[PDB]
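Take a look at this single chain in structure tokens; it is the form deposited in one PDB entry.
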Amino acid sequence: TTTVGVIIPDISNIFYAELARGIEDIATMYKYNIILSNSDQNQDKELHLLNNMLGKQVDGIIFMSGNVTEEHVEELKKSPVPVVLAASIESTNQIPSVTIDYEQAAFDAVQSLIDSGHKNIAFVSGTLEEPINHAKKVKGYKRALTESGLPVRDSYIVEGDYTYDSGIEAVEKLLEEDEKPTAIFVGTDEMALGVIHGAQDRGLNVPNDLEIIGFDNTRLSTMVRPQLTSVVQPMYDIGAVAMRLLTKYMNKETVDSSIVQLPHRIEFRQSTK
């Protein structure tokens, strides 16, 4: 029999949960059994779990993290079972990964506000410590403005903590800079909602005044009013392409493509014109 271990950062986070769930639906069909164990986003419970898992005789692991350190990549470069990352970074492309190009994804998002006429666009990102942000999305945010000639006033990039409440704070701040942004690209659907309500509670209208874009195309995108235009991430595909990938290293049937990049898209709703 075969049992794979799945470890996610925040059991609460609606993106890692829908993802983890999808993987358990796929494992059901593979007849594999899953041992799910939360990480609580702290770098201490992760490695500790990477150890816990082997202490449970797993045959392979699906790994998800906001920040995959070099200390992480090394420890992860010597496991008695295979391992692959689901929607996580490792811009060195050393360990198995199935994600989307956050870089361009973040670029298109901002790119569309430009085209809509927006000169000064803001950006609400998560912990600038996680590479998904400081490395890929921000670069996407800045490459959109710099490439179009528009300036990158660092006063337009505020950090939130993936919380709806930190979303409502980010809006109050950005709605204080003399030059009030006309568009805001948020890196998360949850925060985005906080951005929206925060702007509505100030008497602003989405999107006739402030236009907004979220990330993940999460169930919450269509549970807000106005509906949130968001960057779609191939849910089932990230998990399935990852599990069959893990099945190869588990059956040793090695393949010439260890760094899978699935395509993205943007779901335009009402948060933009």
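Think of the rigid core as the biggest set of C-alphas that the two forms share within 1.5 Å after superposition. Counting begins at 1, following the sequence as shown.
Participant: Averaging only over Cα atoms, indicate whether 208-216 or 32-40 has the higher B-factor in the PDB entry.
Facilitator: Mean B over CA atoms: larger for 32-40.
Participant: What stretch has the higher average Cα B-factor here, 239-247 or 45-53?
Facilitator: It is 45-53.
Participant: Can you pull the Cα B-factors for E169, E103, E176, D189 from the entry and say which is highest?
Facilitator: Comparing C-alpha B-factors across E169, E103, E176, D189, the maximum falls on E176.
Participant: Maximum C-alpha temperature factor per the entry, among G198, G126, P80, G149, belongs to which one?
Facilitator: Comparing C-alpha B-factors across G198, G126, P80, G149, the top value belongs to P80.
Participant: Against its chain's modelled residues, does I132's Cα B factor rank lowest, middle or highest third?
Facilitator: Its C-alpha B-factor belongs to the highest third of this chain's values.
Participant: Quick check for you: using the entry's CA B-factors within this chain, is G22 in the lowest, middle or highest third?
Facilitator: It belongs to the middle third of the chain when residues are ordered by C-alpha B-factor.
Participant: Per the entry's values, where does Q111 land by CA temperature factor relative to the rest of its chain, in the lowest, middle or highest third?
Facilitator: Within its chain, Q111 is a lowest-third residue by C-alpha B-factor, going by the deposited values.
Participant: Sorting by Cα B-factor within the chain, modelled residues only, which third would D165 end up in: lowest, middle or highest?
Facilitator: For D165, the deposited C-alpha B-factor lands in the lowest third.
Participant: Lowest, middle or highest third: where is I184 by Cα B-factor in its chain?
Facilitator: Its C-alpha B-factor belongs to the lowest third of this chain's values.
Although it is not shown, the form deposited in another entry is what the next lines describe.
Participant: After superposing the rigid core, is the C-alpha displacement of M235 2 Å or more between the shown form and the other one?
Facilitator: Indeed, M235 is displaced by 2 Å or more.
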